[PDB]
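We did not get these values from a lab; they are worked out from the coordinates using the rules stated. Every residue, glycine among them, receives a Cβ derived from its backbone with ideal geometry; neighbour counts consider all protein chains shown.
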Amino acid sequence: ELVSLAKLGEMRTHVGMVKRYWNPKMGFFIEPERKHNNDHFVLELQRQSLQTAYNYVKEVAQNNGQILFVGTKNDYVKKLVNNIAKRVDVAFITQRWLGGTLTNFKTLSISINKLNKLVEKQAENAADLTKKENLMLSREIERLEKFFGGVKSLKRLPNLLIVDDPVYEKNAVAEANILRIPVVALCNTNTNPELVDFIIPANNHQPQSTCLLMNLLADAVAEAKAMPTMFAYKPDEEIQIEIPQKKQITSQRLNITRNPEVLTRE
Amino acid sequence: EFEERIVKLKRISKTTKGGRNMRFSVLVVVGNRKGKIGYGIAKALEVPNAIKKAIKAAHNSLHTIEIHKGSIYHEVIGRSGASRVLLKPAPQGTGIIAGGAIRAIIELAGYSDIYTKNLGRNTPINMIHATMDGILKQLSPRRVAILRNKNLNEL
Amino acid sequence: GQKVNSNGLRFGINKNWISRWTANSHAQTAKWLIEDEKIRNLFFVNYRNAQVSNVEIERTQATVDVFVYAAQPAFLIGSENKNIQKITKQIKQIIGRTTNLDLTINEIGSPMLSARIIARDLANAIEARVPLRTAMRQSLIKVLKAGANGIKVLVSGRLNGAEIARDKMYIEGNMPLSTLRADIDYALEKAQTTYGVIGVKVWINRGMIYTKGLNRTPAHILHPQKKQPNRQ
RNA sequence: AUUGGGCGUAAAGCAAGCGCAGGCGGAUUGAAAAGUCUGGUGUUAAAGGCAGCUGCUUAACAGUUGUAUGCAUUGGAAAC
RNA sequence: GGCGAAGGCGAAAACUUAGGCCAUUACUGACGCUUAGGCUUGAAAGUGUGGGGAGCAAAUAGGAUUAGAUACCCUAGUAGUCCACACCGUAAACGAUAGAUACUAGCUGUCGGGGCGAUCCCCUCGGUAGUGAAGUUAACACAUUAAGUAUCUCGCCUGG
RNA sequence: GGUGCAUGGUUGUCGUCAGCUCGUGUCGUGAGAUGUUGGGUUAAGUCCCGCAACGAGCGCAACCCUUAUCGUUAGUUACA
RNA sequence: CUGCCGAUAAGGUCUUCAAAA
Ligand SMILES: [Mg+2]
Ligand SMILES: [Mg+2]
Ligand SMILES: [Mg+2]
Ligand SMILES: [Mg+2]
Ligand SMILES: [Mg+2]
Ligand SMILES: [Mg+2]
Ligand SMILES: [Mg+2]
Ligand SMILES: [Mg+2]
Ligand SMILES: [Mg+2]
Ligand SMILES: [Mg+2]
Ligand SMILES: [Mg+2]
Ligand SMILES: [Mg+2]
Ligand SMILES: [Mg+2]
Ligand SMILES: [Mg+2]
Ligand SMILES: [Mg+2]
Ligand SMILES: [Mg+2]
Ligand SMILES: [Mg+2]
Ligand SMILES: [Mg+2]
Ligand SMILES: [Mg+2]
Ligand SMILES: [Mg+2]
C-alpha cells in the first residue's frame, strides 16, 4: 500500500493545532474531541484523502500536465521544494507568490521571457560587457532568477497546484479557484475547506510530517514520469527521516502576547 | 454572433490638485440570443477604449441561461441592493413587455414572452444585477425531480 | 510648462543646418537669408500633394543649389517634365537671373517616419472634416507599422469647431525629450479650418544616434534608393 | 404598501413601569357546526361588461344568444 | 466590575422592604404575551411655605483684553445648589435599537449559583463584554445580548 | 480698428519642485482603491528591500557645452 | 504653553458622440 498507519502516527501527521485556532467547518476530519489539546485526526480519512490526491496527480503527470509547487513559508519548506524540484522537473515558486501569477499570466510571461533572453545573452558573452555593465546584468539575472528561477520552464498556465498551507497561500488558492484550476493542500484545522478541492487532512507545523507528505505527492509524479520512488510503496527502513535541528516534539501554538487590541481610545 | 448594446454611458470624474479628471464609463450587455449573456462595466479616458474593455470584461464573465417555451418558467423576484425586479411567465405572443435595462438583458438572453416590473430603484447596474440574480436562482423542473425523487416533472 | 523647441535644442550637436552658406557682408547676409525662406515656403505652401519632407539650400558667392526631398516626386516632375520648368522660373524670379541654379529633387526613403508629411497629412484630414479621433489613430497605427519608435501628436485648437479650445495628445512609447543623443524629428503645421486654426505638433523618435558627429549622414532616406535628378 | 413599505446612523420605538377592555395564545379526547369548503333551489330588474353572430357600402352604431357578483334557505364534510 | 424597569445607586451602623440567579422525585393545571384609555415612578433647572447656608456660582459691580466686549481671564457677589412638606413632568431621559417567544458556526475574557476539592484550572446553568462566518444592510456596520430566519401585540412615520 | 473670454504660435508662474498617468490584473453594488502607500538611501517617484500587485511612459539622473591637471598634433600674426 | 487674530458684491463656461474602422 501507499503508507502504514503506524508510520503516520509516528511522524505526527495526526496532530493539528491548538483547539483555540480551528475553523468550525473542518469538523468532518477531526473525530470527536477529548483531552488532547492539539486536535487529532482520523487516520483512515488521512489515507483515503491522500490516496485520492495521489491518483489525480498521477493522472495529470501521466497525461503530460504541468503541475506547480508553491511553498513560501518556513525555510525548511523552501529547501524541501527545491529538493523536490531537483528530483522532478516540476515548476516551483519558493519565494513570495506574485499577485496574479496565474490570472495575469501574460505579464509574468513577458518577465520570464526577458529572463531567458538575458541568460542566453550573458552565456553567449561579449567583451562589451566590461566590468560595471557585466555586474549590473549579472545582478539582474540574480533577481529574476530568485523570483522566476522555477517558473522559467513552463510556457502556459499550469494544470494543477500543490499548496503547503492554504491559509498562508490564500492568494495562490484564490487565483486557482477563480481560474478553475485544481489545487491540493495540507490543511491544518484552520483552513476553509471550500477553497481546496482534494483536501489532505494533515499537519503543517512539523518539519517531519510536511516532508513525508510533500515527498509522497512528489512520489506519485516521479512514478508517472518513470523515475524511481522515494517514500511511496516503501518499507520501514527506507521511510525513516530525521528531525531538523535549530522529550517529545512540541507542536504547540503560542506567542499569543503578540496580539494586542488594535490601537484605539480617545 | 454575440451582439452587444450599451445600456448606460455615465460621465464619472475625480478631483485632483487643480482640474477634474473625467473618464467615461460604459455598461455593455453581450448576448448570443441562445442562452449566453454577460455584462461588463469599464472606465477609460475615451469612449472607444472604455467600450473595448467593457466588452472584454463582459465576455470574460458569461453565464448560462435555460429557456422554457421561449419564456421564464416560474415567477421570481431578483434582489440586489434596493432594486427589486419582478419576472413573470408569459404566454407565447405577448412579446417582451419589459423596458430599459431589464428589456435589454431579456432580449440579449434569448427569452421572448416575459412580464416585468421594476419595483425598486432605476439605477441600471442594480436593475441588471437584480435581473441576472432572478434568472440565476431559477429552478428547472428536472433538477427538482432528481432532488424530490419525482418522475421527470410528471404530476 | 513651456518647452524648448526640440529641433532647435539639437542643432549644431547632432543635427546639421538646413541652409549652409557664408555671406560677404551684413547687407548681403539679410538678402540671402529672407530669399531662402521664400523658396522653402514656396515648396511647402503650394505643391503640397507631393509630400515634400524637407528642402535644403546651398549657396556660394554666386551659385545656388537646391536639394528637395519628396515622397511622391511625380507631381513635381509632371507630364513629360512640364511642371518642372514652371518651378524653375519661380525659383529664378525669387533669387535673380544673374545667378546659377542647380535645383535637385531627390526621392526620399521611409516617408512615414517623418514629422513633416505626417503633420501635413494630419492637417489635411482635419481640414477635410474628418473626425479628429479617427484621423490621429489611423496615422498613429500606420507610422508604428512603418517600423519606428514612439510618436507624440498634440493637436490643440478650436477642436471640432467648439467654442472652447482644447488639446488632445497621444503618446505611444518612449519619447525621451530630455535626451540629446536621441533622434527626434519635429514639425508643426497650421490646419486652416472654417472655424479657425488648428495647431498640430508631431514628435517622432527614430532611434539613437550612437555615432558621434554633426550628422553629415542622411536621415531616413537611405533604406530604399534615393536618386532621380534635374541637376547638371 | 390587505394583496404591496418602513422606524441604529435618512421621517418614525412613547423616559420607564403596574396594568382593565381588545387582539393573540401549550397538548389530548367528546359534542355541537358560528366561522371554512362543497351540492340543490330562489334571487341579484332591463341597458352597459366580455365572447359569437346579423344588419346597415365595412365601421362607429343597433339588435341578437351566451357570459358573472353577492345574499338567503336547505342537504353534507369536521382538518384549523 | 455589581444591582434596579428607567431616572439612579459608592464613609459606617440599625430597622423596614423590593426584585433577581441555580437545583427541585413537591403543588396548582394555560392561570400566559402585548396593551388604546387609566394609574405609578421619572436627571437637572424652576415654583410655594418654613428652616439652613461652609464652599461654589446664573443675575450684578469692578479690573483686564479688545476696533467694540453686555463674552472667554481675574477680584468680589444675590437667587440657587442642602433639608421637610407640596407642585412642575421636560433631557442626546441614547444601546439614537418596544416587549414576548423558538432556531441559527466558533474563539477569548469577566461575574454569580451548582458539581469536584488548596488556589489556579475543568464542566453545567445564567448576567455582563471583545473578536468573528453563513445571514442582513445603501454603506458604516449588526452578527446567539441581532440590525439574521419567523410569529403575536402596542406605539410611531409619509418631502423641506 | 474691436474681441488673448473664439483661437494658432510664443512666454511668465508654482518649479528644475519631484511629481503626473497608462496597460493587464485584483478588491469594491459605486464613485474609487492597488501599483505610486511601509522600512532604509538620496537633490530626486534615485535606488534597494517589503508588498495583490506585475510592468510601462513623461519627468529625475547620464549622454551636450564650459572651467580645473596631463599626454599627443601644430609653431605664425603666438612664444622666442 | 497658552496676547490678539474680524471680514471677502451678483450670474456664469468646458465635454462634443460612438455610429466604427
Ligand atoms: Mg494646491
Ligand atoms: Mg419607504
Ligand atoms: Mg431620526
Ligand atoms: Mg427606548
Ligand atoms: Mg425618542
Ligand atoms: Mg407585565
Ligand atoms: Mg386581558
Ligand atoms: Mg342585469
Ligand atoms: Mg348596443
Ligand atoms: Mg432638581
Ligand atoms: Mg459691567
Ligand atoms: Mg471668586
Ligand atoms: Mg433663582
Ligand atoms: Mg422627547
Ligand atoms: Mg463587530
Ligand atoms: Mg407640508
Ligand atoms: Mg488666456
Ligand atoms: Mg501595498
Ligand atoms: Mg513599491
Ligand atoms: Mg494684540
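I want to confirm something. Restricting to the stretch A:19-50 and keeping residues that are surrounded by 14 or more Cβ atoms within 10 Å (Cβ to Cβ) and in a helix (DSSP H, G or I), which single residue is nearest to RNA strand E (Cβ to nearest atom)?
Top of the filtered list is A:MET26.
Taking the condition of being in contact with an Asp or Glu (Cβ under 6 Å, 6 or more places away or on another chain) and closer than 21 Å to B:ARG33 by Cα, how many residues in the stretch B:79-90 meet it?
So the answer is 2.
Would you tally the residues in the stretch B:19-64 being away from chain C (no Cβ under 14 Å) and at positive phi?
Qualifying residue count for the region: 2.
Which residues, taken from the stretch C:105-140, are within 14 Å of another protein chain (Cβ to nearest Cβ) and either of a type outside the set (A, V, I, L, M, F, W, C) or not in a helix (DSSP H, G or I) (or both)?
Of everything in the stretch C:105-140, those that are within 14 Å of another protein chain (Cβ to nearest Cβ) and either of a type outside the set (A, V, I, L, M, F, W, C) or not in a helix (DSSP H, G or I) (or both) turn out to be C:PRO131, C:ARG133, C:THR134, C:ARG137, C:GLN138.
Show me the strands (runs of 3 or more DSSP E) found entirely inside the stretch B:1-95 where at least 2 residues are more than 16 Å from the chain's Cα centre (by Cα) and surrounded by fewer than 19 Cβ atoms within 10 Å (Cβ to Cβ).
So the answer is B:3-15, B:20-31, B:36-44.
Select from the stretch C:151-167 the residues that are assigned to a loop (DSSP other than H, G, I, E, B) and within 6 Å of RNA strand F (Cβ to nearest atom) and write down the one among them that is farthest from C:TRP203 (Cα to Cα).
So the residue we want is C:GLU163.
Between a residue in the stretch A:3-31 that is away from every other protein chain (no Cβ under 14 Å) and any residue that is within 16 Å of RNA strand F (Cβ to nearest atom) and among the polar types (S, T, N, Q), which pairs come within a Cβ distance under 7 Å, given they are 6 or more apart or on different chains?
What qualifies is A:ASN23/A:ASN192; A:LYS25/A:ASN192.
Among the candidates A:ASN134, A:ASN192, A:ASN188, A:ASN203, single out the residue that is part of a helix (DSSP H, G or I) and on the phi < 0 side of the Ramachandran plot.
From the options A:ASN134, A:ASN192, A:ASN188, A:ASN203, the qualifying one is A:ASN134.
Would you confirm, using the coordinates I've provided, whether C:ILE151 is crowded, with 16+ Cβ neighbours inside 10 Å, touching a helix residue (DSSP H, G or I) at 6+ places or on another chain (Cβ under 7 Å) and farther than 27 Å from C:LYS15 by Cα?
no
What number goes with the only condition from (1) farther than 30 Å from B:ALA57 by Cβ; (2) within 16 Å of RNA strand F (Cβ to nearest atom) that A:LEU68 does not pass?
All conditions pass for A:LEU68, except number (1).
Do we find that C:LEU180 is surrounded by fewer than 19 Cβ atoms within 10 Å (Cβ to Cβ) and either within 14 Å of chain B (Cβ to nearest Cβ) or not polar (S, T, N, Q) (or both) in this structure?
Criteria met by C:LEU180.
So for the stretch A:55-66 (the condition being assigned to a helix (DSSP H, G or I), touching a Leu at 6+ places or on another chain (Cβ under 7 Å), closer than 13 Å to A:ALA220 by Cβ and among the aromatic types (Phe, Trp, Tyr)), does at least one residue qualify?
no
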